[PDB]
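Structural features, examined
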Amino acid sequence: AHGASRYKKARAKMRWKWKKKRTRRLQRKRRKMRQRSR
Amino acid sequence: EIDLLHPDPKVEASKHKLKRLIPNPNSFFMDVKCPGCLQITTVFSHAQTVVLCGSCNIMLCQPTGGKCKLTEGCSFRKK
Amino acid sequence: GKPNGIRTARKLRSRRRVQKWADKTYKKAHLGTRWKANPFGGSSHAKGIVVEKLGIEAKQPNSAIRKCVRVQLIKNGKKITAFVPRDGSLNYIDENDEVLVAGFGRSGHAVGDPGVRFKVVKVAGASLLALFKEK
Amino acid sequence: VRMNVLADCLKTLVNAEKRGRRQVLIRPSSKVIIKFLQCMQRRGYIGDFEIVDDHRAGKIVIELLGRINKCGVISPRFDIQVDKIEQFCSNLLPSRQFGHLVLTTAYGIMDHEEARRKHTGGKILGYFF
Amino acid sequence: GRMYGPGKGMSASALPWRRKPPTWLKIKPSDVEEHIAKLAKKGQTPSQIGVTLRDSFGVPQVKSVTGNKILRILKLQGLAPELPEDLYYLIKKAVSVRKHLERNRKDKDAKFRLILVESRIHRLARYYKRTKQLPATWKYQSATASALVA
RNA sequence: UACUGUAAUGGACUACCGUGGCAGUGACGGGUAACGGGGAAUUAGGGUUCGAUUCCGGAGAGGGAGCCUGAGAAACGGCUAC
RNA sequence: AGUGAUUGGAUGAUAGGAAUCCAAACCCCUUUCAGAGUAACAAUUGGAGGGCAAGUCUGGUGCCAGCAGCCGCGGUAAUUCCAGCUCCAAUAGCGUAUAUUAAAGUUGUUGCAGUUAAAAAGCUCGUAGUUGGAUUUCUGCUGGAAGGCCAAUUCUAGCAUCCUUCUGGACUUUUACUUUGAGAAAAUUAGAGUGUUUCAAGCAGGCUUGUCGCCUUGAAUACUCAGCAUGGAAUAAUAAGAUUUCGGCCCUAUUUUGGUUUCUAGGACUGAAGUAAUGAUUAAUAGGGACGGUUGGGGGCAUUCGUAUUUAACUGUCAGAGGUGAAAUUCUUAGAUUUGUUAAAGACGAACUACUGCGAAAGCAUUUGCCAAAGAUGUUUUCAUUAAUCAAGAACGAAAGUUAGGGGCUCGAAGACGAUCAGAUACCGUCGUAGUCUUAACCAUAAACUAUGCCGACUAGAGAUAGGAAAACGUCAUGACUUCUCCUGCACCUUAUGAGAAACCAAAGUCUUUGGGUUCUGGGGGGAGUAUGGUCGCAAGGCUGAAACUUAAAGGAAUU
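Rules behind the numbers
- Residues numbered from 1 in each chain as written, not as in the entry; some residues may be left out.
- Chains lettered and ligands numbered in written order.
- Part of a larger assembly, values for the part shown.
- Heavy atoms only, no water.
- Residues with missing side-chain atoms left out of burial classes, pairs and counts.
- Helix = DSSP H or I, 4+ residues; strand = E, 2+ residues; numbered from the N terminus.
- Buried < 20%, exposed > 50% of the residue type's maximum accessible area, 1.4 Å probe, protein only.
- Contact = heavy atoms within 4.5 Å.
- Areas by Shrake-Rupley, 256 points an atom, 1.4 Å probe, with all protein chains shown as cover.
- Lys, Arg positive; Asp, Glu negative; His and termini not counted.
- Charge placed at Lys NZ, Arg CZ, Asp CG, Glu CD.
- Axes fitted to C-alpha atoms, helices over the stretch in contact; angles between N-to-C directions.
- Left-handed = near helix turned anticlockwise from the far one by under 90°.
- Nonpolar A, V, L, I, M, F, W, Y, C, P; charged D, E, K, R; others polar.
- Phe/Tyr/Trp six-rings, centres within 6.5 Å; stacked < 30°, edge-to-face > 60°.
- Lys NZ or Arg CZ within 6 Å of the ring centre and 35° of its normal.
- Near = heavy atom within 4 Å.
- Polar contact = N/O pair within 3.5 Å; in protein donor to acceptor, adjacent residues only side chain to side chain.
- Salt bridge = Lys/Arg side-chain N within 4 Å of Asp/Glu carboxyl O.
- Domains from an automatic or database assignment.
- Buried area = accessible area lost by both parts, 1.4 Å probe.

Its PDB header names cryo-EM as the technique used to obtain the model and reports a resolution of 3.35 Å.

Remarks on the overall build of chain D
Each helix and strand in chain D was counted, giving four helices and seven strands. The secondary structure elements of chain D, listed N-terminal to C-terminal, are α-β-α-β-β-β-α-β-β-α-β. Taking all 129 residues of chain D together, 43% fall into the buried category. Considering only contacts in chain D between residues 6 or more positions apart, those separated by 24 or more positions represent 60%. As presented, chain D carries roughly 7600 Å² of accessible surface, and 46% of it is formed by carbon and sulfur atoms. Measuring between centres, the 22 positive side-chain charges of chain D sit 4 Å from its 13 negative side-chain charges.

Looking at the packing of helix α2 (residues 46–56) of chain E against helix α4 (residues 70–77) of chain E
All names here are of chain E. Viewed as axis vectors pointing N to C, α2 and α4 meet at an angle of 115°, and their least axial separation amounts to 9 Å. The handedness of the crossing between α2 and α4 is right-handed. On α4, the residues that touch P46, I49 and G50 of α2 are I70, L71 and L74. Counted by class, the contact of α2 with α4 contains five nonpolar, one polar and no charged residues.

Quick word on the packing of aromatic side chains
Throughout the structure, instances matching the rule amount to 10 aromatic pairs over all chains. Residues C:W21 and C:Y26 carry aromatic rings whose centres are separated by 5.0 Å and whose planes lie at 80° to one another, so their mutual orientation is edge-to-face. Judged by its relative accessible area of 24%, C:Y26 is partly exposed. Between the aromatic rings of C:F83 and C:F104, the centroid separation amounts to 5.8 Å while the plane-to-plane angle is 25°, which identifies the pairing as stacked. You can see C:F83 sitting in strand β4 (residues 79–83) and its partner C:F104 sitting in the loop between β5 (99–103) and β6 (118–123), a full 21 residues away along the chain. Three or more aromatic residues link up through ring pairs in this structure, and these residues are B:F29, B:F44 and E:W24. Lying over the aromatic face of C:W35, C:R34 brings its terminal NZ or CZ to 5.0 Å of the ring centre.

Remarks on the protein's contact with RNA strand F
Neighbouring residues of RNA strand F: C:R10, C:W35 and D:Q87. When atoms of RNA strand F within 4 Å of the protein are split into backbone and base, the sugar-phosphate part holds 61%. Here C:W35 contributes a side-chain N or O atom positioned 3.2 Å from a base nitrogen of RNA strand F.

Let's talk about the side chain of E:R54
By the secondary structure assignment, E:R54 is in helix α2. One buried charged residue, E:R54, forms no salt bridge at all, with the nearest opposite charge on E:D55 at 6.0 Å.

Concerning the domain arrangement of chain D
Many descriptions give the size of an interface as the accessible area lost when the pieces come together. Residue and element names in this part refer to chain D. Assigned domains within chain D: domain 1 (1–68) and domain 2 (69–129). The straight-line distance from the C-alpha centre of domain 1 to that of domain 2 is 19 Å. Each partner contributes residues to the interface: domain 1 has 17 residues there, and domain 2 has 19 residues. For the domain 1 and domain 2 pair, buried surface summed over both sides reaches about 1500 Å², with 66% attributable to carbon and sulfur atoms. Considering only the side of domain 1, the residues that lose the most area to domain 2 are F36, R43 and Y45, jointly responsible for 32% of the buried surface there.

Considering the interface of chain E and chain B
Contact with chain E, which involves 14 residues of that partner, is made by 19 residues of chain B. Of the roughly 1400 Å² buried between chain E and chain B on both sides combined, carbon and sulfur atoms contribute 63%. Among the residues of chain E in contact with chain B, E:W24, E:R54 and E:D55 are the three that bury the most area, contributing 42% of the side total. Viewed at the interface, chain B and chain E are joined by two residue pairs in polar contact. Of the residues assigned to the side of chain E that touches chain B, the class counts are 10 nonpolar, two polar and two charged.

Shown next as structure tokens:
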């Protein structure tokens, strides 16, 4: 996890707001693909 | 340099009610003389109600925040 | 802070058993995954057969080819790469030769210069030190 | 709100000790505090004290000297068993020579030196040195 | 710090040191007990008696003059209320807010405050059942609360 | 409640009758590379980990089940069956 | 005092007897013939950059082979590789691997940490759970038994109005607590005694020309939550909140077989006269409630106003207007942009507006009215511990987003072109749908921040400020202002022998001189708020939440 630090960005990084969104699109896709195989 | 046992009369008069060494009330009672009647009435200094006379209701004092106002020229003696 | 009072045994006792699991070393002991994980069976040493002779390169800064061996444990037939200690000795192994495997001494993890957790203690039961020494 | 009466007063004492006052008042006072202050007073850690009789819990005003380094309180009030008075003061007090644990016992509130020779333990109350 | 709010107010009546005062006062223990039983019959709460006494008449306190408190005198005479005054005035407050709230449903602040008063009624009732000032198995119901007041 | 059965007490078992009992202080279920304890290792105090193994209990004789003889066995260096 | 193979003469390893041991061999202990001079009867195992004690030695190798637990050596001069020499450490042992204990105050009861390093639920209610203010025979003098030491310290009887039914136990609410005592197998563990040659051990021995041998021989003792018992004055739970003589009433067993019936003896039941002071602690600088005059951009529902922006209308006048860093898309003689007077529409409430107020937090600025509600202050009113904090569980929770109706001015994720640029799906520009606004449901998260949990006590001053209250022959006209005190707010400045890693901090203080009460959270950095399972959701997603493998540093505050 990460909790409060979540977006510390102490050193050059991707940027948390973008990172959260990128993972959401990966996750959303995982759903329809897993429901397709039912 | 300090005396907690024997504090000064001047300073302990200034302090709050409860923060004094012995707590006691700074309110008091009054023998009030309204202008018409020769009668007298024992009235609390801080009165929460509109106090009427002993017969045929005039009005001694109207309630405020703290001490009640006494109605026009009428004398009052502390107990 | 904590609860100090005399009847607070449950809260004190419950908090330890829950938050003991926050340790990394406590989980490696006390979970069930220790028995499935490792190629070893919670054991010190294990024999196996050398399926192949292999060479791997140390991560920078150090550069070289380290000479390790891929082995299958007899009990589980699980492949592992075991480093061969000292100069040469690669010639000594012989494919299909039984070799004793011992921990690298780091409790798995990794050693120094990649992804190897085992060392071959003996070859054909001869042992590495005897031969390198030639004694 | 205000659970231990003794616990507030010894923090009130030890603060105004370290600031370096001649005398301090404490509140709300109790039967336990006067007995706790009485067994300081024997060993010579504070001077006299009055206890004003207001119609309430009351206020205790103590004259004090520059003598207590610290006094404190052990909540929770643990039980101790005469064997284990020596184990506590090895942990708690600054040395074996001086200082006092002080602990309520069925023969009154007393120091650990008195509790040894009377040969009865009890519940630990606090300490001073 | 009160209870429900964050407010931390120190305001209170601070009673005097001396008892059985005052030297100036006279009347009687007996005559004051007649006045209290008179004003209780008029229909007037234990708080409202001692306000009416110290304001207009003499007596600073009844516990000074007589041995007993005001609610002790009422309960001896048998002119006491059915339920105690603090529980009465919390229920009457709760009934007043329920008239407002079922008119104005979108008032969220009134909905918040009704939880706080009715929470206090439940826990303050649990006191009065323990001291046996209320019949056993006596419980607050928002159906039957309005008739219970007056 | 009243039998029955036992070396005797018991839902141990059988007839009828009532609707109970346990649980957030962890019931019920799962895991244990778990037989329990007396103990062992560990150099303040408090602890943490181990205890198949000299003694004391417990259980078992490849897996389950049944039984004879006898004061005592559901025995296995006794028997019957799968 | 150490070196120098320079010679020099002075006990068992071994091999075989003897007796002893042994059920029969054997080993030990005794004594025996042989038995060491590079004492060839030859000590090894790991190291020598740091941590870690011990070489800037000499050859070979040249980011190769290899070392290396970690940091790091090796690219042609290696204090680390492969050798030699010398030295170090332990020594008949020493190295390695795995598990485990200490180190680990890196699981923290003793005893950690949570503003910024890992970590205070967005915020209130709340049931268990944990924790709970003060107060109820204290003082004095006279003994008694002991008592350590050149009278203190224990324990105990009396007397200040102190029970009794008897000749040790019954009553004193009940436990916890503490004390002493019972009972609880040894072995192991600590430990008394004792030369198994020492020692680990073992439980034996020790005296002695005496013979029914002796030491009336030793092998002590401790240790072993819950349970049983007991002395006791505190602390803390917990309980509660009549008597004295007379009679009707009425059942029940001894002694002088069962029926009979009295008697007395004693029970439990209800009247009549008498005694005792006839029986309720205070009112927390805890809490609830009442009452009084106020305070507030707190909440809901109406109502009302103000300019502006866009559109439309007419009314002028006439070529540019718009926009930019600079231009273009766009709008324009079928009259834009600018001038003026209206009308409609829906937003939003400028300036006053602040290191100000109100609100549980989210949040809340036009006028007036209505509806409940709240704090602080004042109070010689009232109840009398009703309280604090809270696993479950419950209410509210900006913005965006969703669902179904209204409304749609402006702004404006998407989209559209026009620029800029190497390209520019962006910054800039011009249009512009969802959305923005409102009623009715959902959602439940934000750098939801004071990145500081909530009650309580005490620490240090000065000047401001908001609300209330009291005083002054105060100044000007019930109020405004001045001076002074009190609580309650948001803060601010200064300073600390208070704290901190420092930045900074009246709390982050009163914490190794460590314990006032309580809730939640964290244990190197990733993997990951991912996977799977659960549950809430219409969805978006929320709450709960791993592992394999990976890595020696991530991170904090200041300095140059």
